[PDB]
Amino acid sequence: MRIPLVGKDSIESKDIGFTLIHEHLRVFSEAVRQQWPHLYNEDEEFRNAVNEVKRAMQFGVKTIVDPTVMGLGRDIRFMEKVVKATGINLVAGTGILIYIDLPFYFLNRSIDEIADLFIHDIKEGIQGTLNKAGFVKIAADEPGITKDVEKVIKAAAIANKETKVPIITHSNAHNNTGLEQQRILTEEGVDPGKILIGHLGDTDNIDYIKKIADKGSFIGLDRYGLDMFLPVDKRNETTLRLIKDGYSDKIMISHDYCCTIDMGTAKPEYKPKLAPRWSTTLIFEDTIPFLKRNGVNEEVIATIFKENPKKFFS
């Protein structure tokens, strides 16, 4: 297939190259930014995103997939400015990130109406531009598969069947929300190989992770650097074990890094070892060197960062 890119002509999926599948140029709550602009500094957000993207490119990253959608402050014009300043291939998406209920707008509205919003972004363009969405992003977390969460999942299935774009999820690794997302999507006719079940790297429960991979979907070991969810060393051991056991062709690795994010800062926790620097390049500083010196060869690295994204977007 051809993948739409922000600020560029679309590319063939075979040309995606080395990809970070889950990173955020910027995240914010739409209602807070609209109501209290004094809390934000767009110039700093722009500088932060440009600098992070440039650093990723210096390590060989060719494409970044950014699943900032409704609920996380997607801004296609900000994204296109970052592209112009860096030259990155940037894949933007459509979708909705909620944990409980949809915004009031959606009262009395059908799953088809929700799907039409996603299809609009895929076929016509995002936010009044010709930049088109290349995937759909959906979520579930601690509250489980609520009524409105299910509506969004089913709308993503409709958009995938109509346009063939893949689906990226946010899940909570400690309930079975990821497993439920996969099942609900596949029951609607979505190819399991067109789904990335997100945030599975937040657990060391390898049997749960493997169960989802064995059902055909990519597994998101996608929060490297967020020690609050799982420390880097345990993520590395889980990643290494999955590679040793033959799961390279389902593994996707990223950081979920937010070059800026507006949420309040949680209480710091200090451990014996110096805290890792969460960024878009931590895997080049820590994870990839760790895998290599544990015997993981170059072909595994190419599978995870090139072949798997290529398949996902094919």
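Note that residue numbering begins at 1 and tracks the sequence as displayed.
S.K.: Identify the stretch, either 289 to 297 or 302 to 310, whose C-alpha atoms have the larger mean B-factor according to the entry.
M.R.: Result: 289 to 297.
S.K.: Of 134 to 142 and 202 to 210, which one has the bigger average CA B-factor?
M.R.: In the deposited entry, the stretch with the higher C-alpha B-factor mean is 202 to 210.
S.K.: Based on what the PDB entry reports, which of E30, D66, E45, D245 has the top C-alpha B-factor?
M.R.: Spelled out: the listed residue with the top C-alpha B-factor is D245.
S.K.: According to the deposited entry, which of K81, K151, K215, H170 has the largest Cα B-factor?
M.R.: Going by the entry's C-alpha B-factors, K215 comes out highest.
S.K.: Going by the recorded CA B-factors, say which third of the chain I3 sits in, lowest, middle or highest.
M.R.: Middle third.
S.K.: Determine, from the deposited record, the chain-internal third of the Cα B-factor for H38: lowest, middle or highest.
M.R.: For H38, the deposited C-alpha B-factor lands in the lowest third.
S.K.: What third of the chain, by the recorded C-alpha B-factor, contains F229?
M.R.: Within its chain, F229 is a highest-third residue by C-alpha B-factor, going by the deposited values.
S.K.: Select lowest, middle or highest to describe the third in which the CA B-factor of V61 falls within its chain in this entry.
M.R.: As the PDB entry reports it, the C-alpha B-factor of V61 lands in the middle third of its chain.
S.K.: Can you tell me which third, lowest, middle or highest, the CA B-factor of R55 falls into for its chain?
M.R.: Middle third - that is where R55 ends up once the chain's C-alpha B-factors are sorted.
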